[PDB]
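Asker: Just so it is clear, I am handing over final08.cif, which has mmCIF, C-alpha atoms and all ligand atoms.
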data_final
loop_
_atom_site.label_atom_id
_atom_site.label_comp_id
_atom_site.auth_asym_id
_atom_site.auth_seq_id
_atom_site.Cartn_x
_atom_site.Cartn_y
_atom_site.Cartn_z
CA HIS A 4 -3.36 10.47 20.63
CA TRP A 5 -5.11 8.11 18.25
CA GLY A 6 -7.78 5.64 19.25
CA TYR A 7 -11.29 4.52 18.32
CA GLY A 8 -13.41 7.24 19.92
CA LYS A 9 -15.47 10.04 18.40
CA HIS A 10 -12.68 12.53 18.72
CA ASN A 11 -9.58 10.41 17.96
CA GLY A 12 -10.94 7.57 15.82
CA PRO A 13 -10.42 6.41 12.24
CA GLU A 14 -11.83 9.60 10.66
CA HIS A 15 -9.15 11.61 12.46
CA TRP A 16 -6.10 9.44 11.82
CA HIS A 17 -5.13 11.09 8.53
CA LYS A 18 -4.12 14.30 10.31
CA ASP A 19 -1.16 12.61 12.05
CA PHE A 20 -0.77 9.79 9.50
CA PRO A 21 -1.50 11.12 5.99
CA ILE A 22 -0.90 7.68 4.50
CA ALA A 23 -4.39 6.96 5.88
CA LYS A 24 -5.61 8.26 2.49
CA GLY A 25 -3.02 6.27 0.55
CA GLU A 26 -3.22 3.91 -2.38
CA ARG A 27 -3.12 0.57 -0.58
CA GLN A 28 -4.92 0.99 2.74
CA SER A 29 -6.58 -1.74 4.79
CA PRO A 30 -9.00 -3.18 5.61
CA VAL A 31 -11.21 -3.48 2.56
CA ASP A 32 -14.50 -5.04 1.60
CA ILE A 33 -13.99 -8.37 -0.14
CA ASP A 34 -16.49 -8.51 -2.97
CA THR A 35 -16.58 -12.27 -3.51
CA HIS A 36 -18.04 -12.05 -6.98
CA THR A 37 -15.34 -9.60 -8.17
CA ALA A 38 -12.37 -11.42 -6.61
CA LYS A 39 -10.55 -13.48 -9.18
CA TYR A 40 -9.38 -17.02 -8.86
CA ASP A 41 -5.63 -17.19 -9.50
CA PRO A 42 -4.88 -20.85 -10.28
CA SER A 43 -1.16 -20.18 -9.91
CA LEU A 44 -1.55 -19.18 -6.23
CA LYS A 45 0.13 -21.82 -4.09
CA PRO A 46 -1.33 -23.38 -0.98
CA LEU A 47 -0.48 -21.62 2.22
CA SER A 48 2.16 -23.21 4.37
CA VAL A 49 1.45 -22.56 8.04
CA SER A 50 4.21 -24.08 10.18
CA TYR A 51 3.34 -23.44 13.81
CA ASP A 52 4.45 -26.70 15.47
CA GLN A 53 7.51 -25.06 17.07
CA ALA A 54 5.75 -21.83 18.05
CA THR A 55 7.02 -20.30 21.29
CA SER A 56 4.51 -17.91 22.88
CA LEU A 57 5.90 -15.64 25.60
CA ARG A 58 3.53 -13.02 26.89
CA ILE A 59 0.15 -11.35 26.50
CA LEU A 60 -0.07 -7.54 26.63
CA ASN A 61 -2.94 -5.04 26.78
CA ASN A 62 -1.46 -2.17 24.71
CA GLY A 63 -4.47 0.13 25.04
CA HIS A 64 -5.87 -0.67 21.56
CA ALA A 65 -6.07 -4.50 21.66
CA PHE A 66 -4.22 -7.37 23.37
CA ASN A 67 -1.20 -8.96 21.74
CA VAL A 68 -0.05 -12.52 22.29
CA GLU A 69 3.67 -12.27 21.57
CA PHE A 70 6.03 -14.95 20.27
CA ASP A 71 9.76 -15.59 20.15
CA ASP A 72 10.63 -14.42 16.66
CA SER A 73 14.42 -14.64 17.11
CA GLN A 74 14.49 -17.91 15.14
CA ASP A 75 12.33 -19.61 12.51
CA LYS A 76 9.96 -21.30 14.96
CA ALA A 77 6.54 -20.40 13.65
CA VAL A 78 6.52 -19.36 10.01
CA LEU A 79 4.20 -18.60 7.17
CA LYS A 80 5.28 -19.29 3.59
CA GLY A 81 3.71 -20.13 0.24
CA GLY A 82 0.47 -18.67 -1.02
CA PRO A 83 1.27 -15.32 -2.65
CA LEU A 84 4.46 -15.02 -0.62
CA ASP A 85 8.07 -15.26 -1.67
CA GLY A 86 10.31 -16.24 1.23
CA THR A 87 9.74 -16.84 4.89
CA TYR A 88 7.70 -14.79 7.30
CA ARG A 89 8.04 -15.21 11.08
CA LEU A 90 5.13 -15.02 13.50
CA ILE A 91 5.65 -12.15 15.96
CA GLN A 92 2.22 -11.70 17.54
CA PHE A 93 -1.48 -12.17 17.16
CA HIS A 94 -4.34 -9.99 18.24
CA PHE A 95 -8.02 -9.39 17.55
CA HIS A 96 -10.43 -6.63 16.66
CA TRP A 97 -14.00 -6.89 17.94
CA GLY A 98 -17.30 -5.16 18.37
CA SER A 99 -19.66 -4.00 21.09
CA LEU A 100 -22.37 -6.13 19.39
CA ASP A 101 -22.14 -9.50 17.59
CA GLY A 102 -23.06 -7.84 14.26
CA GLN A 103 -19.87 -5.75 14.05
CA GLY A 104 -16.21 -6.02 14.94
CA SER A 105 -14.33 -7.27 11.91
CA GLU A 106 -12.11 -4.99 9.86
CA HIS A 107 -12.43 -6.80 6.57
CA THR A 108 -15.95 -7.39 5.35
CA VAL A 109 -17.25 -10.00 2.91
CA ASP A 110 -19.87 -8.71 0.49
CA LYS A 111 -20.33 -5.95 3.09
CA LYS A 112 -20.99 -8.51 5.86
CA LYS A 113 -19.33 -7.76 9.19
CA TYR A 114 -18.22 -10.54 11.53
CA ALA A 115 -18.15 -10.33 15.34
CA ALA A 116 -14.37 -10.18 15.40
CA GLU A 117 -11.24 -10.70 13.35
CA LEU A 118 -7.98 -12.40 14.32
CA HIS A 119 -4.70 -11.11 12.90
CA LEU A 120 -1.63 -13.38 12.98
CA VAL A 121 1.21 -10.99 12.18
CA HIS A 122 4.37 -12.20 10.43
CA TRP A 123 7.48 -10.40 9.14
CA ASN A 124 9.74 -11.18 6.18
CA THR A 125 13.01 -12.59 7.50
CA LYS A 127 15.02 -11.03 4.68
CA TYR A 128 14.62 -7.71 6.51
CA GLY A 129 16.18 -8.93 9.77
CA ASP A 130 13.77 -7.40 12.29
CA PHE A 131 10.13 -6.27 12.47
CA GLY A 132 10.97 -2.57 12.60
CA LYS A 133 12.86 -2.79 9.31
CA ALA A 134 10.16 -4.98 7.79
CA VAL A 135 7.37 -2.42 8.34
CA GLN A 136 9.30 0.04 6.12
CA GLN A 137 9.12 -2.36 3.12
CA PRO A 138 6.27 -3.02 0.65
CA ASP A 139 6.62 -6.76 1.22
CA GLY A 140 7.63 -6.57 4.86
CA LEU A 141 4.66 -8.22 6.56
CA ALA A 142 2.18 -10.99 5.93
CA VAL A 143 -0.93 -10.87 8.08
CA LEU A 144 -3.19 -13.91 8.21
CA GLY A 145 -6.73 -12.71 8.92
CA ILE A 146 -9.44 -15.02 10.27
CA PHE A 147 -13.06 -14.05 10.86
CA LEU A 148 -14.88 -14.93 14.06
CA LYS A 149 -18.62 -15.58 14.21
CA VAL A 150 -20.60 -16.22 17.34
CA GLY A 151 -21.92 -19.76 17.78
CA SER A 152 -20.11 -22.72 19.31
CA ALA A 153 -17.06 -22.14 21.50
CA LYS A 154 -13.56 -22.40 20.06
CA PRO A 155 -11.70 -24.58 22.56
CA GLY A 156 -8.28 -23.36 21.42
CA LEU A 157 -9.27 -19.79 22.26
CA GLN A 158 -10.19 -20.48 25.87
CA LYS A 159 -6.69 -20.14 27.37
CA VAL A 160 -6.60 -16.62 25.92
CA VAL A 161 -10.03 -15.78 27.33
CA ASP A 162 -9.00 -17.20 30.74
CA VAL A 163 -6.07 -14.79 31.14
CA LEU A 164 -7.86 -11.54 30.16
CA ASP A 165 -8.78 -10.77 33.76
CA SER A 166 -5.07 -10.37 34.47
CA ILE A 167 -4.52 -7.77 31.72
CA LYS A 168 -7.68 -5.72 32.10
CA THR A 169 -6.07 -2.32 31.62
CA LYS A 170 -3.55 -0.61 29.34
CA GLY A 171 0.05 -1.56 30.04
CA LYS A 172 -0.68 -4.80 31.86
CA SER A 173 1.03 -7.98 30.72
CA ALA A 174 1.10 -11.59 31.83
CA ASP A 175 3.25 -14.62 31.13
CA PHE A 176 1.66 -16.60 28.31
CA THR A 177 3.95 -19.48 27.46
CA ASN A 178 3.13 -22.77 25.73
CA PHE A 179 0.13 -21.46 23.80
CA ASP A 180 -0.48 -23.26 20.51
CA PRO A 181 -1.89 -20.95 17.84
CA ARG A 182 -2.83 -23.93 15.64
CA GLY A 183 -5.93 -24.16 17.86
CA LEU A 184 -7.21 -20.88 16.39
CA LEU A 185 -7.31 -22.00 12.72
CA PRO A 186 -10.33 -23.19 10.76
CA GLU A 187 -10.25 -26.44 8.79
CA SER A 188 -9.73 -24.82 5.39
CA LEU A 189 -6.84 -22.61 4.34
CA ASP A 190 -8.68 -21.28 1.25
CA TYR A 191 -7.96 -17.54 1.17
CA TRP A 192 -8.24 -14.16 -0.50
CA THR A 193 -5.13 -12.02 -0.88
CA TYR A 194 -4.33 -8.39 -1.72
CA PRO A 195 -1.65 -5.76 -0.97
CA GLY A 196 -2.48 -3.44 1.89
CA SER A 197 -1.48 -1.79 5.09
CA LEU A 198 -1.42 -1.89 8.87
CA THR A 199 -4.96 -1.18 10.00
CA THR A 200 -3.85 1.01 12.90
CA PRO A 201 -1.45 3.95 12.94
CA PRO A 202 1.18 4.22 11.57
CA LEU A 203 -0.89 2.66 8.73
CA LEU A 204 2.24 1.67 6.85
CA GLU A 205 1.75 0.10 3.44
CA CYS A 206 3.80 -3.00 4.18
CA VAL A 207 1.32 -5.86 4.38
CA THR A 208 0.42 -8.75 2.14
CA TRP A 209 -3.04 -9.60 3.45
CA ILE A 210 -4.14 -13.22 3.45
CA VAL A 211 -7.74 -13.53 4.64
CA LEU A 212 -9.20 -16.98 5.19
CA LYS A 213 -12.57 -17.77 3.65
CA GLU A 214 -13.72 -19.99 6.51
CA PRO A 215 -14.53 -18.21 9.78
CA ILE A 216 -14.02 -19.81 13.19
CA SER A 217 -16.90 -19.97 15.65
CA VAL A 218 -16.51 -18.60 19.16
CA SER A 219 -19.12 -18.60 21.92
CA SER A 220 -21.07 -15.60 23.12
CA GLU A 221 -19.30 -16.02 26.51
CA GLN A 222 -15.90 -15.91 24.85
CA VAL A 223 -16.53 -12.65 23.00
CA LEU A 224 -18.29 -11.17 26.07
CA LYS A 225 -15.00 -11.57 27.91
CA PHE A 226 -13.12 -9.63 25.20
CA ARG A 227 -15.60 -6.79 25.81
CA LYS A 228 -14.72 -6.59 29.52
CA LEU A 229 -11.21 -5.36 28.72
CA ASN A 230 -10.36 -1.66 29.11
CA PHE A 231 -8.75 0.85 26.77
CA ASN A 232 -7.72 2.91 29.82
CA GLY A 233 -4.97 2.38 32.35
CA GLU A 234 -5.57 1.26 35.94
CA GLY A 235 -6.97 4.08 38.05
CA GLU A 236 -8.32 5.95 35.02
CA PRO A 237 -11.99 6.22 34.06
CA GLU A 238 -13.21 2.90 32.68
CA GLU A 239 -13.69 2.76 28.93
CA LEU A 240 -14.56 -0.67 27.65
CA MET A 241 -12.30 -1.98 24.92
CA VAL A 242 -14.93 -2.57 22.21
CA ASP A 243 -15.23 -1.46 18.58
CA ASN A 244 -11.48 -1.39 18.06
CA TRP A 245 -11.83 -1.82 14.31
CA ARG A 246 -11.13 0.40 11.31
CA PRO A 247 -13.87 0.35 8.67
CA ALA A 248 -13.32 -0.74 5.08
CA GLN A 249 -11.19 1.61 2.98
CA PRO A 250 -11.36 2.27 -0.78
CA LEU A 251 -9.92 -0.53 -2.89
CA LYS A 252 -8.47 1.91 -5.41
CA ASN A 253 -6.12 0.29 -7.94
CA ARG A 254 -6.15 -3.19 -6.48
CA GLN A 255 -7.57 -6.60 -7.34
CA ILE A 256 -8.33 -9.19 -4.72
CA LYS A 257 -7.21 -12.69 -5.71
CA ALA A 258 -8.77 -15.95 -4.53
CA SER A 259 -6.95 -19.22 -4.02
CA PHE A 260 -10.15 -21.16 -4.68
CA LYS A 261 -13.00 -21.32 -7.17
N1 LIG B 301 -4.00 -4.78 12.74
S1 LIG B 301 -2.65 -5.11 11.91
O1 LIG B 301 -2.61 -4.55 10.59
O2 LIG B 301 -2.43 -6.53 11.88
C1 LIG B 301 -1.26 -4.29 12.72
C2 LIG B 301 -0.15 -4.98 13.19
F1 LIG B 301 -0.10 -6.29 13.12
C3 LIG B 301 0.92 -4.31 13.77
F2 LIG B 301 1.96 -5.00 14.23
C4 LIG B 301 0.92 -2.94 13.93
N2 LIG B 301 2.06 -2.22 14.43
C5 LIG B 301 2.39 -1.57 15.58
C6 LIG B 301 3.73 -1.02 15.32
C7 LIG B 301 4.64 -0.23 16.19
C8 LIG B 301 5.86 0.24 15.38
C9 LIG B 301 5.47 1.09 14.20
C10 LIG B 301 6.62 1.36 13.28
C11 LIG B 301 7.94 0.97 13.85
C12 LIG B 301 7.97 -0.48 14.25
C13 LIG B 301 6.72 -0.91 14.94
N3 LIG B 301 4.03 -1.40 14.06
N4 LIG B 301 3.04 -2.07 13.58
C14 LIG B 301 -0.14 -2.23 13.42
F3 LIG B 301 -0.12 -0.90 13.52
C15 LIG B 301 -1.21 -2.90 12.84
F4 LIG B 301 -2.23 -2.17 12.42
ZN ZN B 302 -5.06 -6.11 13.51
#
As structure tokens, how would this structure be written, given the file I've shared?
Ligand SMILES: NS(=O)(=O)c1c(F)c(F)c(-n2cc(CC3CCCCC3)nn2)c(F)c1F
Ligand SMILES: [Zn+2]
Answerer:
Amino acid sequence: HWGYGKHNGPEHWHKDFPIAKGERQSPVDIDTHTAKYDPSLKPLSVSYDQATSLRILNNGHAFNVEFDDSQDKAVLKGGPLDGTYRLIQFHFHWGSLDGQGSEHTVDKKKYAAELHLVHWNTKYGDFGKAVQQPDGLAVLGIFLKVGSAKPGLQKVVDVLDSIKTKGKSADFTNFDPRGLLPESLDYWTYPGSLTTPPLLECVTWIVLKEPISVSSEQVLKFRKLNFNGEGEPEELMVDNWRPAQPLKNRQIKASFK
């Protein structure tokens, strides 16, 4: 099945998921000079004060921190969005080296990692219905650069030893995702897709301009995770990113000048 290796990686995905060559695939390069300020774009509304984290899971491609999305507890609204999108999970993509790892790029620059806070449009009732809709998901993307530690990330780092291999999960309650956000909510936005199979074209991407800084020790601990299951040959979970895809008939909009 699909993964990030030589023989099952992004260049192969189109054989099982032809939408890989579709008209609104993600990620993309964000050409900052070509993005257009849209003065009518509203500020983002990130309402995470009542967020209820439940569990962290190594799913063999990344780790997901999962939330209770059975009520409007942690929601994203405003910006380019109409309606209310509920936080279901967050996860990261990262590199084997500090100079690669992000999915989106900025003027072709790659960051060490990229955080995806995944939200679904409540008008569709559940996440599985939402992914079948062009406006089903809103994913808030945040770049990570290596420098100072991010204190709000440490609880995540601390638990990774307990979910080293594919299929392992751990309780992960009372985690506050507000601790993962940069100061500014200035963003770029465009219509795109899931960046892993099934690559569905259901995402409004909202990518923050300001990266967060994480320490070298923090990202080193991401790189100690495994793609494999327990008792299988060890394959370090690194370079779990899809490269930039063609922009095609899309314009990236900026919330800021
Ligand atoms: N990196 S990302 O764009 O933010 C990103 C995500 F946030 C995802 F949640 C998924 N994801 C995994 C499933 C399983 C089922 C696929 C279809 C039926 C319901 C769910 N669906 N969506 C995904 F593939 C992805 F690429
Ligand atoms: Zn992702």
Asker: Have a look at A:80, A:168, A:159, A:27 and name the one nearest to residue 196 of chain A; count only C-alpha atoms.
Answerer: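 Ranking A:80, A:168, A:159, A:27 by distance to residue 196 of chain A, first place goes to A:27.
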Asker: Could you tell me how far atom CA of residue 181 of chain A sits from atom CA of residue 68 of chain A, in Å to one decimal place?
Answerer: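 These atoms are spaced 9.7 Å apart.
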Asker: What are the nearest atom pairs, with distances in Å to one decimal, for all residues of chain A that come at most 9 Å from ligand ZN 302 (chain B), using all atoms listed in the file, set out by chain and rising residue number as a Markdown table?
Answerer:
| residue | atom | partner | partner_atom | distance |
| --- | --- | --- | --- | --- |
| A:65 | CA | B:ZN302 | ZN | 8.4 |
| A:93 | CA | B:ZN302 | ZN | 7.9 |
| A:94 | CA | B:ZN302 | ZN | 6.2 |
| A:95 | CA | B:ZN302 | ZN | 6.0 |
| A:96 | CA | B:ZN302 | ZN | 6.2 |
| A:106 | CA | B:ZN302 | ZN | 8.0 |
| A:117 | CA | B:ZN302 | ZN | 7.7 |
| A:118 | CA | B:ZN302 | ZN | 7.0 |
| A:119 | CA | B:ZN302 | ZN | 5.0 |
| A:120 | CA | B:ZN302 | ZN | 8.1 |
| A:121 | CA | B:ZN302 | ZN | 8.1 |
| A:143 | CA | B:ZN302 | ZN | 8.3 |
| A:145 | CA | B:ZN302 | ZN | 8.2 |
| A:198 | CA | B:ZN302 | ZN | 7.3 |
| A:199 | CA | B:ZN302 | ZN | 6.1 |
| A:200 | CA | B:ZN302 | ZN | 7.2 |
| A:245 | CA | B:ZN302 | ZN | 8.1 |
Asker: For a quick check of understanding, using all atoms listed in the file, which of A:136, A:230, A:177, A:48 has the smallest distance to ligand LIG 301 (chain B)?
Answerer: A:136
Asker: May I ask which of the residues A:171, A:104, A:237, A:42 is the closest one to residue 147 of chain A, counting all atoms listed in the file?
Answerer: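 Closest to residue 147 of chain A, using all atoms listed in the file: A:104.
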Asker: When you count all atoms listed in the file, which of these residues is closest to residue 59 of chain A: A:231, A:88, A:192, A:176?
Answerer: A:176
Asker: Excluding residue 6 of chain A and residues on its chain fewer than 6 positions from it, collect all residues at most 8 Å away from it, counting all atoms listed in the file, and give them as a PyMOL selection string.
Answerer: chain A and resi 12-13+64
Asker: Closest to ligand LIG 301 (chain B) among A:100, A:212, A:135, A:150, using only C-alpha atoms and all ligand atoms?
Answerer: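 Once distances to ligand LIG 301 (chain B) are computed over only C-alpha atoms and all ligand atoms, the minimum belongs to A:135.
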Asker: Provide the atom CA of residue 30 of chain A to atom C10 of ligand LIG 301 (chain B) distance in Å, to one decimal place.
Answerer: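 Separation of atom CA of residue 30 of chain A and atom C10 of ligand LIG 301 (chain B): 18.0 Å.
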Asker: Mind pulling up the distance from atom CA of residue 77 of chain A to atom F2 of ligand LIG 301 (chain B)?
Answerer: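 Computing the Euclidean distance for atom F2 of ligand LIG 301 (chain B) and atom CA of residue 77 of chain A yields 16.1 Å.
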Asker: Of the candidates A:83, A:151, A:28, A:227, which one gets nearest to residue 253 of chain A if we count all atoms listed in the file?
Answerer: A:28
Asker: Provide an axis-aligned box for all listed atoms of segment 72-88 of chain A, padding each side by 5 Å; report its centre and its edge lengths in Å to one decimal, as AutoDock Vina command-line options.
Answerer:
--center_x 7.5 --center_y -17.9 --center_z 7.2 --size_x 24.0 --size_y 16.9 --size_z 29.8
Asker: Near residue 9 of chain A, within 12 Å and counting all atoms listed in the file, which residues show up once chain neighbours fewer than 6 positions away are dropped, as a list in words?
Answerer: residues 15, 16 and 243 of chain A
Asker: For the residues in the current selection, export C-alpha atoms as a tab-separated table (two decimals), in the frame of the given file.
Answerer:
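That gives us again32.tsv:
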chain	number	residue	atom	x	y	z
A	15	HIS	CA	-9.15	11.61	12.46
A	16	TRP	CA	-6.10	9.44	11.82
A	243	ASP	CA	-15.23	-1.46	18.58
Asker: So that I can check the surroundings of residue 213 of chain A, please list as a ChimeraX atom specification every protein, DNA and RNA residue that reaches within 10 Å of it, counting all atoms listed in the file and ignoring chain neighbours fewer than 2 positions away.
Answerer: /A:35,109,145-147,186,188-192,210-211,215-216,258-260
